[PDB]
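Worksheet: one structure, shown below.
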Amino acid sequence: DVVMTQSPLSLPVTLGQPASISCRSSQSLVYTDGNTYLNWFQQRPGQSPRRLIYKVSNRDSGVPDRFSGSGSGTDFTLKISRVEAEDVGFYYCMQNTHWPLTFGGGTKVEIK
Amino acid sequence: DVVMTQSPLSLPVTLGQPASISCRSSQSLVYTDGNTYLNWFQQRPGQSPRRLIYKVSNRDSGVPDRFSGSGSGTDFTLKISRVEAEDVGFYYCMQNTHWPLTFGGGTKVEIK
Amino acid sequence: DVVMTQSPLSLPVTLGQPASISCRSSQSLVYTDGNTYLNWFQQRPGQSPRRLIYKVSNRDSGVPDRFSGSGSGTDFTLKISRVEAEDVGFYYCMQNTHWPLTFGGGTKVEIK
Amino acid sequence: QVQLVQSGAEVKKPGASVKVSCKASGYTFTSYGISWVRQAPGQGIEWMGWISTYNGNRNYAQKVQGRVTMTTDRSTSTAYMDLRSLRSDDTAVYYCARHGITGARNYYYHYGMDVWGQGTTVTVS
Amino acid sequence: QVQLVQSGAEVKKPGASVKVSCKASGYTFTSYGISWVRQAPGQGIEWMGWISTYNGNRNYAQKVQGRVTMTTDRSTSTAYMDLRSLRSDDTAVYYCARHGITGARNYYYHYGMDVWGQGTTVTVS
Amino acid sequence: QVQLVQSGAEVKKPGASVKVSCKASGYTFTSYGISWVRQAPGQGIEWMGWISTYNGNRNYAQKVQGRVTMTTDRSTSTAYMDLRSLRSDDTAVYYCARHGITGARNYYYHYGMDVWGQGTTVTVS
Amino acid sequence: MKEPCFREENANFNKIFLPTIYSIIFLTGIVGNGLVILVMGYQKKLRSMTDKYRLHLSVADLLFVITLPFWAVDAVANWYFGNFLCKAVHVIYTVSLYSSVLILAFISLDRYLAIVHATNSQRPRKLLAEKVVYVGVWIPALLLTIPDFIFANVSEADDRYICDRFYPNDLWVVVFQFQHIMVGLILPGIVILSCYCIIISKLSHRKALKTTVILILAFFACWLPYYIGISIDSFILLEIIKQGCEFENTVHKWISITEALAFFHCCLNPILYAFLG
Amino acid sequence: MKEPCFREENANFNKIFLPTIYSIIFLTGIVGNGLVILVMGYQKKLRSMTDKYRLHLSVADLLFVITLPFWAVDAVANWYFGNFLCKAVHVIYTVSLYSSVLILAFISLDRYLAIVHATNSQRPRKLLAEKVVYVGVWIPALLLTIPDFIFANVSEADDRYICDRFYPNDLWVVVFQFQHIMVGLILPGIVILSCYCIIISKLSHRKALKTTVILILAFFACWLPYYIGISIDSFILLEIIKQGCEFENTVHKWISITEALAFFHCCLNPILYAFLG
Amino acid sequence: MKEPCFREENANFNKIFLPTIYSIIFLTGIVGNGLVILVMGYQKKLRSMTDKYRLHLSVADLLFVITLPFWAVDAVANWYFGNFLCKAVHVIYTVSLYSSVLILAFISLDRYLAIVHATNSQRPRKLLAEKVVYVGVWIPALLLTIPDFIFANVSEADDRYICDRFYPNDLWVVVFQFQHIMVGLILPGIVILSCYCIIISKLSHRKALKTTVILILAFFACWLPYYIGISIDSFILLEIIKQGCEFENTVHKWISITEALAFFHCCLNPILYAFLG
Ligand SMILES: CC(C)CCC[C@@H](C)[C@H]1CC[C@H]2[C@@H]3CC=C4C[C@@H](O)CC[C@]4(C)[C@H]3CC[C@]12C
Ligand SMILES: CC(C)CCC[C@@H](C)[C@H]1CC[C@H]2[C@@H]3CC=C4C[C@@H](O)CC[C@]4(C)[C@H]3CC[C@]12C
Ligand SMILES: CC(C)CCC[C@@H](C)[C@H]1CC[C@H]2[C@@H]3CC=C4C[C@@H](O)CC[C@]4(C)[C@H]3CC[C@]12C
Ligand SMILES: CC(C)CCC[C@@H](C)[C@H]1CC[C@H]2[C@@H]3CC=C4C[C@@H](O)CC[C@]4(C)[C@H]3CC[C@]12C
Ligand SMILES: CC(C)CCC[C@@H](C)[C@H]1CC[C@H]2[C@@H]3CC=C4C[C@@H](O)CC[C@]4(C)[C@H]3CC[C@]12C
Ligand SMILES: CC(C)CCC[C@@H](C)[C@H]1CC[C@H]2[C@@H]3CC=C4C[C@@H](O)CC[C@]4(C)[C@H]3CC[C@]12C
Ligand SMILES: CC(C)CCC[C@@H](C)[C@H]1CC[C@H]2[C@@H]3CC=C4C[C@@H](O)CC[C@]4(C)[C@H]3CC[C@]12C
Ligand SMILES: CC(C)CCC[C@@H](C)[C@H]1CC[C@H]2[C@@H]3CC=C4C[C@@H](O)CC[C@]4(C)[C@H]3CC[C@]12C
Ligand SMILES: CC(C)CCC[C@@H](C)[C@H]1CC[C@H]2[C@@H]3CC=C4C[C@@H](O)CC[C@]4(C)[C@H]3CC[C@]12C
Ligand SMILES: CC(C)CCC[C@@H](C)[C@H]1CC[C@H]2[C@@H]3CC=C4C[C@@H](O)CC[C@]4(C)[C@H]3CC[C@]12C
Ligand SMILES: CC(C)CCC[C@@H](C)[C@H]1CC[C@H]2[C@@H]3CC=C4C[C@@H](O)CC[C@]4(C)[C@H]3CC[C@]12C
Ligand SMILES: CC(C)CCC[C@@H](C)[C@H]1CC[C@H]2[C@@H]3CC=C4C[C@@H](O)CC[C@]4(C)[C@H]3CC[C@]12C
């Protein structure tokens, strides 16, 4: 199935500075309908992952405007404008276009 | 042509315990019509192989209910619910969808 | 994307003698419409590259008849009938058929 | 609100069988499939199955196929999953997540992974 | 009942020719093709040929093609196979197995491998 | 005549942002896209972007995507390009070259690369 | 105990062809039904009892035609109108079809009475055409809509709203397709064929007969290719026709295109006045 | 001494298109043939000898139409009915076609006698239309069914039952296709063309002629595209047309679709009464 | 803030099918319009005011038909004629369509006056048909061509010359498509439908009506499939219908083929004289 590599594996970030995580696929994520179904999750330590953005750029209701994503084809990127103290955890990117769905490697965001 | 690998090569089993043999293909066994033509044989030492189950799950008439198979796509499995003393011999899985037909490696069932 | 290798990398030429540079592609440069869009550039030291011939053989207006090109499929060649003292510089071949466009390695013409 | 609640953590000996409940409430249970996702400790998230609560059209992952049977209980709006012949490396955390969309004229699979269960951890000893 | 009976075991010198009969009874012989399968001792079962008894549309495997000619005798409802230029590794057991289905409007090949002959063993010395 | 004029050469520290103007004159600016090409010193020419002045349908190269935003100023018939998070190897020369053709019934991309700007060089220190 | 295969969306040509067919049907039907209804029900009135039946048919066709723009918008873009409008659209769609079919059956029954029992049975014909028709057609058509009234609603899939029928499980759609067939095709067909057989026999041993025969044959010729699509879909659902899944997608596309083409039953009614009348 | 290439099953659109064509043909033909047969053979009766011929044509068409649901079910699902029903279906299918063709030839011969020898030959016409017709049409049609009677049977392939014709070897189907052509197309065509040529010549040196001319041309226009499909298939079989195997599959699909479309000869007969009559 | 996808050129069958359709339309229209115009405007003249309207329609159709060979050559080969001829072709194309539509609207208005106010309003009818028509149709049609007059020109792409409309930015084409729809389809359609409704109502409470009704329905049946293509293209342009890009190419091909087929409005006018007249 489709395999996605996510970089960087470890991303030390300093408070008040933007950061970017990007994951690349092995097959073009374009559906026959005409959309791209790739969404990003954040998993805080000890609780189930939650949804941040669904599709390439649409933002899931209930999260701040700091999180934003972009990309097309086989390259996608998620960026955080400002890093607070509550943005520590794992981040995953997954696709829902080709049966079966495949998750990402995972990126952990520390505090520097 | 299509190549199928069967595992395990040697399967020691204890009387009164279930056992499973699974063989994987290299090309999807789905016909244009919409079925999967993969069937299993058992060859006792010194006599011609006989048919146990034809297609993925249908049971050939004349065999007990202990033998049963399942699977789809490129993965298939045959399982024996109870192993008696007369279930010793070689087991093969073969396909009839793509010209020419290809057999399996073969699995020998001992008594443990 | 399409990758084109250009040979030779260095081409010493003697004044008053013809010379040829040829670049080979990795995918056939034939458009659905029915043409081949491969054009050649020359870059003198210190100024922007200019266009010599557009498409396989058509000559861009404003250049002498010495420059001429040919080829089809995945093999193309540009030849200079007579080498003067003003024909010193880099030469590139690029394609415009498949998004995105890809340039060539580059060939430098000296004086021998 | 829409939510999914699971059972507690379990520990079982190798070769046993484990069934984890997944009770869902807050929406029509018979119009969204359910996908079972397992995350090994210190490893990337993995997928192992999906069942359509509309008519029980189960589907399994290749790596686990043959050892899992997963069914639904439409009367009490719960989804189960049974795993047998547990191995040493099976110690992990299982999440029940809504997936797909099933209807009379629409039976697509690219609308989901929105709400997740609390998750349960199973270990083999 | 439906059954296939073969000839006896044979031993021949290298470079000779061997023909093995395959008499079939219990069903209409002119509505099912016949496939010849050979199993090398201590090796996986292999396929080498197929002939359609309807109109003699023979077909051969790549590894053996050029050394085998196989024909049918519709009058006595028997199927033969001739192998020439035998090599050292040809010592094996040959099975005659019904394959396919031939008819006026249906000439498919994915219905068979049901009944097998007793099998014969040939050796080279 | 048709011509493209760029800005001057620039030097900036790592992590900064650079915008290079590309003023075009001599033809209808709103009927030809513009492609931005960068040539690293002592290296083969490379492509990094393209913007359609008709309706601002930008497109970026994979290697540089995520760090460049490029826009046009139709009122004064100029095209810009912004690059941020500059690295050490970014010291190179940037050329603004006309590309494509945009119209009501014709929006092809294989007609261009004819006229080039004078080019500008940017360095990081 | 079977694997699922997910339905794939219609081709681009279908996405363009459905809206134009819907728009043409709407434009023809609105004008035709408005004109026939206005003339029959407001000034000149109707000379014959059959025209009275046709007025009910025209009203049902108008009620159906009213909802076409929602169908076209849903076919092209996403659903935006809301849950109540989804329910109303489904209810009207279910009402109009059954109303039209039973009005046709009533017309055939009236013909039967007018032909064989002409001398004896004028009072029964008048009573049936004046009072009984409401209970005959409008009551059962309204009654058969309760399943749609409960099981039709809009679902939120990410950012896309879907107006469809969400049944508790699979067998409900099989049962409802079977009642659709049994009430649309079979029973009224049996009544119409039996009635026309008796009239033909009596005649052997009429402009009105020709005009009401063409309407019925043209109605069932439009609806016929849809019902084989439904029958096959139901058999495939009950694991009786396991031909694969490409066959399933093909029959789904066939059902969609065939219902789009069979929506012409609303347009067919006013035309016959222009040609035959 | 040739390699085999196995026939591939029909496309999904064909699997859906054959049942709907069969259902439409059945629905039209059953009603039309029932009505014409009932009126001609039970009450009003027939004024003219040609109507008498048409009654035999109607009976043959009804006999053919009776077996269509089995064809549709076999086309969609597997065979379940049994060996005897397979044989009966094949026998009826073989009988009806030849019966219809020879009835058409008899009609042409009667026209010839009615036109040129009208004064002299009334008694021969009556005798031919009353007594000779049975021996002429029904006896040879029954006689030609012995090959189907022996070589048509159901075979058990795994769990699927197949109702087909299992011939001893290849050349039998070539011979039977050749007799099919020679008895359906060529000889009756020669008789009909010769008869109409003589009538045209006599006329140069009629409502009835027009009505029986349209029936024949419409019959052979429906059957014509099938016989080129058979002719080409036979030539391909005898290693005279070695165009490959994709050509073979294409011509097989052509034969299937063309016979499905040419089954309209049963529906064509009752319609002409409605239009021309 | 979106990615671009470039339009792909039409299929080879389209490249061959457009020229033959254009040639057939040119050959039919030139002869038909020349004949009708010559007879109406040079010798026999016109008995009725409607024939006078039809003469303006014929002149507009002739003006359109004159420019077809350029369309065919551009469809097949490159543009060679020049910038002035490109502008003239676009101007004539824009003029003829609006002229024809407004002449049809005027015919409907004249019918309305002739039917309801026949006794009172002969002088207004004569005045409208003699003087007002020029200001009504020819002035606004000429006025609406200024956007084409400015934004239509030929561009040099390498060695290929392209005659097209080069707008300052994207929204201009959306605005101009909207005015195209609002002035071609909606407003004249509203006027025609309202007028015919009033005539129908008055009649309920005519050879001329039939002849001018068939012309209008046949005109809008040809133009109807084009306007859904435009409407959908405009919605896709404004990011309201984001169905992808294969959908965009499909709808572009649909627009091209549909306008090629809808160019029949020039050929339709003279035929009705041959058939109905
Ligand atoms: C006289 C009337 C009933 C004929 C109606 C014919 C219509 C319904 C037929 C004619 C050609 C057909 C199209 C031919 C090709 C395709 C492409 C395929 O990928 C999807 C279906 C689609 C788009 C078909 C849909 C149905 C269609 C449009
Ligand atoms: C291209 C499309 C939109 C044209 C649609 C035209 C249809 C709707 C028009 C054409 C002829 C019209 C009919 C002409 C005559 C009559 C008789 C009158 O006593 C009732 C209305 C009725 C029955 C009209 C109804 C509407 C009608 C059927
Ligand atoms: C939710 C909707 C679909 C419910 C439908 C109920 C209403 C709209 C229907 C039910 C029965 C219908 C009535 C049935 C019979 C007649 C008599 C006729 O001479 C005029 C129209 C008239 C008066 C109909 C008007 C519409 C009507 C009142
Ligand atoms: C797929 C769908 C749209 C096809 C619809 C076809 C229907 C509407 C067509 C098929 C055959 C047609 C009939 C064929 C013959 C006649 C006889 C003529 O004297 C009156 C019209 C009449 C009665 C036609 C009416 C319309 C009709 C019934
Ligand atoms: C006026 C009458 C005779 C026209 C009859 C046309 C019918 C028989 C033609 C029209 C379009 C044709 C179809 C067009 C495309 C395909 C797809 C192909 O993969 C199998 C054949 C199939 C399914 C064809 C079968 C025959 C078909 C349905
Ligand atoms: C859509 C389909 C099912 C409609 C089928 C209608 C056919 C079967 C109907 C339509 C008109 C009917 C004909 C009308 C008149 C007559 C004259 C009578 O003396 C014998 C029966 C006969 C010849 C009928 C036979 C059946 C017939 C042909
Ligand atoms: C196995 C089947 C197909 C055998 C067919 C034989 C029977 C059904 C056929 C053979 C000859 C036929 C008869 C031929 C002639 C007539 C005269 C006609 O005025 C009424 C029908 C009638 C009486 C036919 C009835 C059906 C019939 C008896
Ligand atoms: C593939 C198959 C189904 C095509 C069948 C076409 C047949 C039924 C068609 C083709 C040409 C048609 C004929 C064309 C012209 C006329 C003249 C007219 O005054 C009476 C009808 C008549 C005689 C038609 C009858 C039906 C007909 C013969
Ligand atoms: C009665 C009239 C309106 C029918 C008009 C039908 C015409 C417009 C239809 C019939 C078949 C169609 C063609 C069928 C197949 C193809 C191949 C595709 O790759 C491009 C479109 C193209 C070339 C279609 C263009 C439109 C077309 C030619
Ligand atoms: C195959 C194609 C080119 C044939 C084109 C024929 C067309 C252009 C011909 C056929 C019949 C002709 C019409 C026949 C009669 C009349 C009446 C006359 O008072 C004015 C001209 C007019 C209205 C003709 C115009 C041209 C016309 C419509
Ligand atoms: C550049 C082009 C398209 C400008 C079009 C303007 C000219 C060609 C048009 C504008 C108005 C038109 C006139 C409008 C009305 C009439 C009256 C009629 O009884 C004869 C033709 C005649 C006299 C037309 C001839 C053509 C005409 C003069
Ligand atoms: C895609 C485009 C070319 C299709 C064009 C179809 C138009 C020209 C066709 C579609 C339906 C046709 C109409 C159908 C019925 C009638 C009734 C008849 O008594 C006169 C002709 C008339 C009024 C036809 C005229 C032509 C017509 C309007």
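Going by the structure tokens order, chains are called A, B, ..., each with residues numbered from 1, while ligands are numbered from 1 in the order shown.
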
Item to complete: Might you pull out every residue within 10 Å of residue 53 (chain B), with only C-alpha atoms counted and same-chain residues fewer than 3 positions away left off, and present them as a ChimeraX atom specification?
Response: /B:38-42,50,56-61,63,67-69,78,93

Output file for the selection above: C-alpha atoms, as a PDB file, in the first residue's frame:
```pdb
ATOM      1  CA  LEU B  38      -7.955 -21.450  -5.697  1.00  0.00           C
ATOM      2  CA  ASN B  39      -8.305 -25.017  -4.448  1.00  0.00           C
ATOM      3  CA  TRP B  40      -6.489 -27.294  -2.023  1.00  0.00           C
ATOM      4  CA  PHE B  41      -5.280 -30.880  -2.423  1.00  0.00           C
ATOM      5  CA  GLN B  42      -4.083 -33.572  -0.026  1.00  0.00           C
ATOM      6  CA  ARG B  50      -7.376 -35.723  -3.967  1.00  0.00           C
ATOM      7  CA  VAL B  56     -11.736 -20.225  -1.448  1.00  0.00           C
ATOM      8  CA  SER B  57     -14.290 -21.772   0.917  1.00  0.00           C
ATOM      9  CA  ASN B  58     -16.571 -24.245  -0.891  1.00  0.00           C
ATOM     10  CA  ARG B  59     -16.091 -27.808   0.342  1.00  0.00           C
ATOM     11  CA  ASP B  60     -15.719 -30.708  -2.077  1.00  0.00           C
ATOM     12  CA  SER B  61     -18.308 -33.420  -1.493  1.00  0.00           C
ATOM     13  CA  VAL B  63     -14.782 -34.932   3.073  1.00  0.00           C
ATOM     14  CA  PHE B  67     -11.293 -28.960   6.765  1.00  0.00           C
ATOM     15  CA  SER B  68     -12.237 -25.352   6.046  1.00  0.00           C
ATOM     16  CA  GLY B  69     -10.620 -22.496   4.152  1.00  0.00           C
ATOM     17  CA  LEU B  78      -6.751 -23.661   5.180  1.00  0.00           C
ATOM     18  CA  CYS B  93      -2.732 -25.074  -2.933  1.00  0.00           C
TER      19      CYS B  93
END
```

Fill in: Residue list for chain I near chain G as a ChimeraX atom specification, 10 Å, only C-alpha atoms
/I:193,197,200-201,203-205,221,224-229,232,235,240-244,246-251,254

Fill in: Near-region 75-78 of chain D list (9 Å; only C-alpha atoms; drop same-chain fewer than 2 positions) as a list in words
residues 21, 22, 23, 24, 25, 29, 30, 72, 73 and 80 of chain D

I'd like a table as a tab-separated table: residues in chain F with an atom no more than 10 Å from chain C, each row giving the shortest atom pair and its distance in Å to one decimal, only C-alpha atoms counted, sorted by chain and rising residue number.
```
residue	atom	partner	partner_atom	distance
F:43	CA	C:105	CA	8.3
F:44	CA	C:105	CA	5.6
F:45	CA	C:103	CA	6.3
F:46	CA	C:103	CA	6.9
F:47	CA	C:102	CA	7.3
F:48	CA	C:100	CA	9.4
F:49	CA	C:100	CA	9.2
F:50	CA	C:100	CA	9.6
F:59	CA	C:100	CA	9.9
F:60	CA	C:100	CA	9.7
F:61	CA	C:100	CA	8.2
F:95	CA	C:48	CA	7.9
F:99	CA	C:96	CA	9.9
F:100	CA	C:96	CA	9.8
F:109	CA	C:96	CA	7.9
F:110	CA	C:96	CA	5.4
F:111	CA	C:96	CA	8.0
F:112	CA	C:96	CA	8.7
F:113	CA	C:51	CA	8.3
F:114	CA	C:51	CA	6.5
F:115	CA	C:50	CA	7.7
F:116	CA	C:48	CA	6.9
F:117	CA	C:48	CA	7.3
F:118	CA	C:48	CA	6.0
F:119	CA	C:48	CA	6.9
```

Worksheet entry | Spatial neighbours of residue 83 (chain F), max dist 8 Å, only C-alpha atoms, sep filter under 2 positions, as a PyMOL selection string | chain F and resi 17-19+67-69+81+85-86

Practice prompt. List all protein, DNA and RNA residues that have at least one atom no more than 6 Å from any atom of ligand 11, counting only C-alpha atoms and all ligand atoms, and write them as an MDAnalysis selection string.
Written response: chainID I and resid 56 92 138

Worksheet item: Which residues come within 6 Å of residue 91 (chain D), counting only C-alpha atoms, excluding same-chain residues fewer than 4 positions away, as a list in words?
Response: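 Near neighbours after the sequence-gap exclusion: residues 122, 123 and 124 of chain D.
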
Selected residues written out, N, CA, C and O atoms, as a tab-separated table (two decimals), in the first residue's frame:
```
chain	number	residue	atom	x	y	z
D	122	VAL	N	-3.63	-4.14	26.02
D	122	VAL	CA	-3.61	-5.57	26.28
D	122	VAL	C	-2.17	-6.04	26.28
D	122	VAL	O	-1.35	-5.60	25.46
D	123	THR	N	-1.86	-6.91	27.23
D	123	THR	CA	-0.52	-7.45	27.37
D	123	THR	C	-0.57	-8.97	27.52
D	123	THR	O	-1.57	-9.54	27.97
D	124	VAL	N	0.51	-9.61	27.08
D	124	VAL	CA	0.65	-11.06	27.10
D	124	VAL	C	1.78	-11.43	28.06
D	124	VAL	O	2.87	-10.84	28.01
```

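Listed by chain and then by rising number, the residues of region 4-106 of chain F that DSSP assigns to helix (DSSP H, G or I) from the backbone are residues 29, 30, 31, 88, 89 and 90 of chain F.
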
Once you have the residues from the selection above, write them out as a compact mmCIF listing (two decimals), in the first residue's frame, restricted to N, CA, C and O atoms.
```
# COMPACT_ATOMS: atom_id res chain seq x y z
N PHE F 29 0.81 42.08 -20.71
CA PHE F 29 1.33 41.33 -19.58
C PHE F 29 0.35 40.28 -19.08
O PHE F 29 0.78 39.29 -18.46
N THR F 30 -0.94 40.45 -19.33
CA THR F 30 -1.97 39.57 -18.79
C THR F 30 -2.37 38.46 -19.75
O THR F 30 -3.51 38.01 -19.74
N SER F 31 -1.44 38.01 -20.60
CA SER F 31 -1.71 36.90 -21.50
C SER F 31 -0.54 35.94 -21.62
O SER F 31 -0.53 35.10 -22.53
N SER F 88 22.61 28.02 3.15
CA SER F 88 23.95 28.41 2.72
C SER F 88 24.14 28.25 1.22
O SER F 88 24.82 29.07 0.59
N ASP F 89 23.54 27.22 0.63
CA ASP F 89 23.76 26.91 -0.78
C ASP F 89 22.83 27.69 -1.70
O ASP F 89 22.84 27.43 -2.91
N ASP F 90 22.05 28.62 -1.17
CA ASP F 90 21.09 29.36 -1.98
C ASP F 90 21.74 30.46 -2.82
O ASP F 90 21.07 31.04 -3.68
```

Practice prompt. Pick out the residues no farther than 6 Å from ligand 12, counting only C-alpha atoms and all ligand atoms, and list them as a ChimeraX atom specification.
Written response: /I:214,218,221-222,261-262

Please check which protein, DNA or RNA residues sit within 9 Å of ligand 7, counting only C-alpha atoms and all ligand atoms, and write them as an mmCIF file with N, CA and C atoms, in the first residue's frame.
```
data_model
loop_
_atom_site.group_PDB
_atom_site.id
_atom_site.type_symbol
_atom_site.label_atom_id
_atom_site.label_comp_id
_atom_site.auth_asym_id
_atom_site.auth_seq_id
_atom_site.Cartn_x
_atom_site.Cartn_y
_atom_site.Cartn_z
ATOM 1 N N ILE H 37 -53.901 -14.744 -31.678
ATOM 2 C CA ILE H 37 -54.318 -16.140 -31.717
ATOM 3 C C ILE H 37 -55.743 -16.279 -31.204
ATOM 4 N N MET H 40 -58.260 -14.776 -33.841
ATOM 5 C CA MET H 40 -58.304 -15.538 -35.084
ATOM 6 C C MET H 40 -58.886 -16.934 -34.877
ATOM 7 N N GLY H 41 -58.555 -17.576 -33.760
ATOM 8 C CA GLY H 41 -58.915 -18.945 -33.476
ATOM 9 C C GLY H 41 -60.039 -19.183 -32.495
ATOM 10 N N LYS H 52 -54.993 -17.051 -42.195
ATOM 11 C CA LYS H 52 -54.781 -18.424 -41.749
ATOM 12 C C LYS H 52 -53.303 -18.733 -41.665
ATOM 13 N N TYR H 53 -52.524 -18.270 -42.644
ATOM 14 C CA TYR H 53 -51.091 -18.527 -42.548
ATOM 15 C C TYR H 53 -50.529 -17.805 -41.326
ATOM 16 N N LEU H 55 -51.833 -17.234 -38.601
ATOM 17 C CA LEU H 55 -52.142 -17.899 -37.338
ATOM 18 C C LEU H 55 -51.057 -18.906 -36.981
ATOM 19 N N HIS H 56 -50.576 -19.652 -37.979
ATOM 20 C CA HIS H 56 -49.472 -20.577 -37.753
ATOM 21 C C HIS H 56 -48.222 -19.815 -37.349
ATOM 22 N N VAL H 59 -48.661 -18.879 -33.716
ATOM 23 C CA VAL H 59 -48.467 -20.017 -32.819
ATOM 24 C C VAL H 59 -46.982 -20.313 -32.651
ATOM 25 N N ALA H 60 -46.227 -20.281 -33.752
ATOM 26 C CA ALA H 60 -44.789 -20.506 -33.656
ATOM 27 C C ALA H 60 -44.120 -19.429 -32.806
ATOM 28 N N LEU H 63 -44.828 -20.134 -29.166
ATOM 29 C CA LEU H 63 -44.006 -21.238 -28.685
ATOM 30 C C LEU H 63 -42.587 -20.775 -28.400
ATOM 31 N N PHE H 64 -42.038 -19.919 -29.264
ATOM 32 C CA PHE H 64 -40.708 -19.379 -29.003
ATOM 33 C C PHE H 64 -40.716 -18.518 -27.741
ATOM 34 N N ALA H 88 -35.848 -29.505 -23.699
ATOM 35 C CA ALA H 88 -37.106 -28.964 -24.207
ATOM 36 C C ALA H 88 -36.924 -27.547 -24.733
ATOM 37 N N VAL H 89 -36.153 -26.726 -24.017
ATOM 38 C CA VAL H 89 -35.904 -25.358 -24.458
ATOM 39 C C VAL H 89 -35.199 -25.363 -25.807
ATOM 40 N N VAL H 91 -35.145 -27.742 -28.080
ATOM 41 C CA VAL H 91 -36.020 -28.285 -29.116
ATOM 42 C C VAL H 91 -37.018 -27.230 -29.582
ATOM 43 N N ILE H 92 -37.634 -26.518 -28.635
ATOM 44 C CA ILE H 92 -38.615 -25.500 -29.002
ATOM 45 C C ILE H 92 -37.946 -24.368 -29.774
ATOM 46 N N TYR H 93 -36.749 -23.964 -29.338
ATOM 47 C CA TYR H 93 -36.022 -22.907 -30.030
ATOM 48 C C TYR H 93 -35.722 -23.306 -31.467
ATOM 49 N N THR H 94 -35.309 -24.557 -31.680
ATOM 50 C CA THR H 94 -35.016 -25.002 -33.038
ATOM 51 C C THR H 94 -36.286 -25.116 -33.876
ATOM 52 N N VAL H 95 -37.402 -25.517 -33.265
ATOM 53 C CA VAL H 95 -38.637 -25.708 -34.023
ATOM 54 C C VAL H 95 -39.184 -24.371 -34.517
ATOM 55 N N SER H 96 -39.240 -23.375 -33.625
ATOM 56 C CA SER H 96 -39.981 -22.151 -33.930
ATOM 57 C C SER H 96 -39.384 -21.393 -35.112
ATOM 58 N N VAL H 133 -50.023 -27.808 -45.928
ATOM 59 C CA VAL H 133 -49.174 -26.933 -45.122
ATOM 60 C C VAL H 133 -48.579 -27.684 -43.936
ATOM 61 N N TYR H 134 -49.347 -28.595 -43.333
ATOM 62 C CA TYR H 134 -48.844 -29.338 -42.182
ATOM 63 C C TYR H 134 -47.605 -30.142 -42.554
ATOM 64 N N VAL H 137 -44.505 -27.683 -43.425
ATOM 65 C CA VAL H 137 -43.798 -26.893 -42.421
ATOM 66 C C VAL H 137 -43.550 -27.687 -41.137
ATOM 67 N N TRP H 138 -44.579 -28.338 -40.590
ATOM 68 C CA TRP H 138 -44.446 -28.887 -39.246
ATOM 69 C C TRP H 138 -43.638 -30.179 -39.224
ATOM 70 N N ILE H 139 -43.714 -30.982 -40.280
ATOM 71 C CA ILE H 139 -42.971 -32.239 -40.355
ATOM 72 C C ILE H 139 -41.469 -31.982 -40.473
ATOM 73 N N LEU H 142 -40.005 -30.503 -37.223
ATOM 74 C CA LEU H 142 -39.848 -31.524 -36.194
ATOM 75 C C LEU H 142 -38.681 -32.448 -36.521
#
```
